[PDB]
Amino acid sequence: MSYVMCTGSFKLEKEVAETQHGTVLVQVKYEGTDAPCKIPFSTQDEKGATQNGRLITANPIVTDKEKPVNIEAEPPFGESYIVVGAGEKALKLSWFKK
């Protein structure tokens, strides 16, 4: 049913790949004892404010700690950050887009 936000850590499972139509495929693995849980997802500008104008993958969740999650997103143009997870330990990747 309704899950709460993951409180654990996320690490990149593979390198971020981009598609022809300017989206990105993010593969993350999760560390935490609270799965199944909803994955905190966000994007930011260089300043740090949340863009999050679009997220293709609806309702990203960790169902099993041992299994990684695919998330597709549409970052803004130029330098931005993909942010997976919450808190001081959140996974923060830089990204650049044509």
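Start at 1 with the first residue shown and count on from there.
TODO: Please work out which of 58-66 and 39-47 has the higher mean CA B-factor as recorded in the PDB entry.
DONE: So the stretch with the higher mean C-alpha B-factor is 39-47.
- [ ] Between 70-78 and 14-22, name whichever shows the higher mean Cα B factor according to the PDB entry.
- [x] 70-78 has the higher mean C-alpha B-factor.
Task: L93 - Cα temperature factor, lowest/middle/highest third of chain - done: Middle third by C-alpha B-factor.
Task: Chain-wide C-alpha B factor ranking for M5, given as lowest, middle or highest third - done: Middle third by C-alpha B-factor.
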